[PDB]
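Below: one structure, written as structure tokens.
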Ligand SMILES: [Zn+2]
């Protein structure tokens, strides 16, 4: 930047992960696993476009099919409202892929992920009232 062009000797490289400051308030995180296909699915939703998902990251590998489900749910919940991301349920994405039932375990994780991320995002919203007790 600026005329002077002899400084900067490391190339603008990124030094963060998939979250801004883990301060929540706009970043639902969810990491589930499926002991069946020994596959860990880590989803990451980001809200900022006015409560809308400004972006969404994914990360899963192990099964011989889920590696694709991440591409769908990712290209379907990007820039949309949480009202649509927290509704696709698992039976919907499954019908979009059309895969055997005994193999719907991966789809369940995908859905359980969008729900865990939203639930974790609202956990830091302030909707808590008198912690339950028993
Ligand atoms: Zn699987």
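In the entry's author numbering, the protein residues as written are 1 to 134.
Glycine residues also receive a C-beta, built at the ideal position from the N, C-alpha and C atoms.
What is the C-beta distance between residue i and residue j, in whole angstroms, given that I count them as a contact (C-beta under 8 Å)?
i          : j           : result
residue 27 : residue 112 : Going by Cβ atoms, the distance from residue 27 to residue 112 rounds to 18 Å, so no, they are not a contact pair.
residue 29 : residue 44  : 6 Å
residue 65 : residue 20  : Residue 65 to residue 20, Cβ: 32 Å. No contact.
residue 93 : residue 72  : 6 Å
Sort the options by Cα distance to residue i and report the nearest one.
i           : options         : result
residue 49  : 43, 20, 95, 79  : 79
residue 115 : 88, 14, 18      : 88
residue 68  : 131, 83, 96, 16 : 96
Report all residues from its chain with a CB closer than 6 Å to the CB of residue i; omit the five preceding and five following residues, and keep chain order.
i          : result
residue 62 : 37, 38, 39
residue 85 : 77, 114
residue 70 : 58, 60
State buried or exposed for residue i, treating a residue as buried only when at least 16 other CB atoms are found within 10 Å of its CB.
i           : result
residue 123 : exposed
residue 110 : buried
residue 46  : buried
residue 82  : buried
residue 1   : exposed
In chain order, what residues of the same chain lie with their CB nearer than 8 Å to the CB of residue i, ignoring the 5 residues before and after it?
i           : result
residue 120 : 24, 28, 29, 30
residue 90  : 104, 107, 108, 110, 111, 112
residue 54  : 46, 47, 48, 79
Can you list, in chain order, the residues of its chain whose CB lies under 7 Å from that of residue i, leaving out five sequence neighbours each side?
i          : result
residue 74 : 56, 58
(request) Enumerate, from N- to C-terminal direction, the unbroken alpha helix (DSSP H) stretches of 4 or more residues contained entirely within the region 75-118. (result) 82-85, 89-97
(request) Tell me the start and end of each unbroken beta strand (DSSP E) in the region 26-83 that is at least 3 residues and wholly inside, in chain order. (result) 27-34, 39-47, 53-61
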